[PDB]
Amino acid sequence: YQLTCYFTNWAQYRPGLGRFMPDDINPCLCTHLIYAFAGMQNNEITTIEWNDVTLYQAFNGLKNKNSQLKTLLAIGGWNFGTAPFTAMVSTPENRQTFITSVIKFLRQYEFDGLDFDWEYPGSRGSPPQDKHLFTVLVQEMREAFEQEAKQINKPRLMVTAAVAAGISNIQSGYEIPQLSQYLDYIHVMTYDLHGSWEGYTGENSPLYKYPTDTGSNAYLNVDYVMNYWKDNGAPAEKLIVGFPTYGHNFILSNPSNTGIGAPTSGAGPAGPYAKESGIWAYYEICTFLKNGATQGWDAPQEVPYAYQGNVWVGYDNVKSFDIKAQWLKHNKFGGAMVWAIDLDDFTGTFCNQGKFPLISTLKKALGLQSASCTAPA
């Protein structure tokens, strides 16, 4: 199994114990590390943060401590939008300009591949022709990668994609059987399945449906989404299940109504470290629990939640990650990806479950605890 962990270049700006640098990554923890995010200018891949180049060096330098470790650079993200992707795929000339820049960029800075985080083809401004043009881009990139590898006599660069979990987003975004042929890995974003935008409490990444999930809401769980991707053309061995190391919090409209489906009046408070409205890092949730929040267990969905006063949070813990991992193995998927390494209790001082308690749970469950970890010669 693969254990693929996303690192974010804005975690460096968090205060105190929240600050996370590439050198805070345990090089022996994950099999793949992905750098988020890269940007685009004039149809060419570029940096986003002022010090990205310095961080690439330290990020990719982790491979000097683990000979098996592979690294990828993720382009796009939520704030990046669709517009630069649309303009890039719209002509064959722009696609070539992009692919060329990617090959040069990844080789220069020592990445082993590219991760597409276009959110999404066919939606959020992206016109309907982008569904097929994304497949075209991926195919062209894969083929360019195969040719380059032979000309320079080095291992082929990987091409992977972070993909939607929402069925409507999937249906208008991806030609699954064709796209699956060219992608090395398919990183399914099985999270943000519920949140405050809905107007009631729900889970970030529930494994199964809640009994009250009716109609299209019955699709808002990990099991359904992963099986949708599989039943519609994606090989199970290529499919990578998305694991969140954060939860979504809510302001409860009635503090005495604390279950699943309880009415909410908006997003929960930003945490003191990530400072994301409606989102708490796992280590921020641990603080919530230590300060006296009531532990809940969403039994049908195999995920925890917690509440105190008018604040309710739905998230993942050690138990739920372990349950999901056994499910993953039974279903014989390619492995797990993690958003994000910097959101797990990396110091171990928040949750008292060891360093990286959530990702370590996956490393152990997926049979990677004994996997070789030696510096390259």
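We call the rigid core the largest set of C-alpha positions that still match within 1.5 Å between the two forms. Numbering starts at 1 and runs along the sequence shown.
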item: Higher C-alpha RMS shift from the shown form in 5 other deposited structures of this protein - 365-373 or 351-359, rigid core fit; value: 365-373
item: Residue range whose averaged C-alpha B-factor is higher in the record, 184-192 or 213-221; value: 213-221
item: Residue stretch of maximal mean CA temperature factor, 111-119 vs 129-137; value: 129-137
item: Highest-ranked of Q295, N169, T245, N249 once sorted by CA temperature factor in the record; value: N169
item: Out of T31, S67, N51, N317, residue topping the C-alpha B-factor column of the entry; value: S67
item: Within-chain third of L366 by Cα B-factor, per the entry; value: highest
item: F288 - Cα temperature factor, lowest/middle/highest third of chain; value: lowest
item: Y208 - which third its CA temperature factor falls in, relative to the rest of the chain; value: middle
item: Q2 CA temperature factor, ranked by third within the chain; value: middle
item: Where the record places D322 (Cα B-factor, split into thirds across the chain); value: middle
